[PDB]
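One chain is shown next in C-alpha cells, namely the form deposited in one PDB entry.
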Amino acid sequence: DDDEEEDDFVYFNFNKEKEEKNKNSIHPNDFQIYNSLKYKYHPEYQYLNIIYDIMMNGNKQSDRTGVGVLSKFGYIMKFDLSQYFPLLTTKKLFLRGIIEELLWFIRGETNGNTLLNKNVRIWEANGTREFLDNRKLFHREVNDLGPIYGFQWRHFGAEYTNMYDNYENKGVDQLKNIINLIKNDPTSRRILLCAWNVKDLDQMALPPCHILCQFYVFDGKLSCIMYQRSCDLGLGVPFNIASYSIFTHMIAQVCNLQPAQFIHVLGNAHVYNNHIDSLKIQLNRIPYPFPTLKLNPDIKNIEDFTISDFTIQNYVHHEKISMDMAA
C-alpha cells in the first residue's frame, strides 16, 4: 500500500486558489446535474466541458458585436470519426444548410444568392447593402461576398472582380492540390488548405473564422486538424464541428481512405452573454449516443457530391434550444 504519495499530491496543490478568484457569478445549483455525473466520457463532453470552463474561468471582455463575452484562449477537441459522427445531442441541429454551404465552398462560389435560393441563410446578414457598406465595400453588389472560402480554396491568389466572373485556371486550386497530395504523397507534412489570404482580407465580407485544415494519412486512414481563430461556442462551434467532420468524410472517400480523427483547434473561444442562460440549461442535459453519417459510396470526386448523397442516421437528441438575444 502506497498512501504516502497521497499527501505529496496535497502539498503540490498548495498554491492552488480559493473560492473568490474563480471569476464570474456562478450559482451552485446552476450545474447540479452536470456536476453530479461521476464519469463524463461521452465525446460530447469535450464541447460541454469547454463551455463550462469558459463560464467558470472565462475573461469578461467586450467585442466587435458590443454584446460582451466570456473568453479563453487555446483549446483542442478530438472526435473519432471511425466510431461516430459528432453531431451534438444536447440540443437539436439540422445539417441541410451547412452541407449546402460546404458544396458551395467546393464549387468555389462567392455568390450569396445561390444559398438564399436554397433557403440557406447562413450568409444572409453578411451580404446586405448595410453590411457591405460598413466594411467599406461600396462598389460590391448585394450578396457578392468577395474572395471568401470558396474562392481561396479554388483560386488563391487570383484577382477578385465580381461573383459572376469566370475564374477558371486563375489562382491556386488548393483543394485539387491537397487531394492529389493525399493520393500520391500521403506522408507529406504540407497537406494544408488555407483560407486566410492576408492580401484579400479587406475585400472579404468578413475574414474567415476557419483558418486552415491540415491532413494526416496513416495506414489507409485520414485525419484532419482545423484551426479556428474565433469560436462562438453557443452557436457556431456545434455547426463547425459537423461541417469539418463531413468534409473529412468527403475527402477520405474520394481518396479511398477511411476517415479517422477530426481534431478541432480553438483560438479565441468565447461564450456570448446573451447565450449564458441557454447554455446553463444545455449543460445539465445528458448526451445520447451519437448518430452516424452515410455518404453515397459511388461519389469518387470531391466535386460530384449533391445534397442527396448525405444521410445522418439514428440522430437522437434533446429539444431545440433557442440561443436568443432576448428569449
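Residues carry their position along the shown sequence, with the first being 1. Under this definition, the rigid core comprises the largest set of C-alpha atoms superposing within 1.5 Å between the forms.
Although it is not shown, the form deposited in another entry is what the next lines describe.
After superposition on the rigid core, the single residue among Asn35, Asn59, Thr65, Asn296 whose C-alpha moves by 2 Å or more between this form and the one not shown is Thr65. With a cut-off of 2 Å and the rigid core superposed, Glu319 has a Cα displacement that falls short of the cut-off between this form and the one not shown. After superposition on the rigid core, the Cα of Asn24 moves by 2 Å or more between this form and the one not shown.
Note on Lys21 and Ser71: their C-alpha atoms are nearer in the other entry, a change of at least 3 Å from this conformation. Whereas the shown form places them at one spacing, the Cα atoms of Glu20 and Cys231 lie at least 3 Å closer in the other entry.
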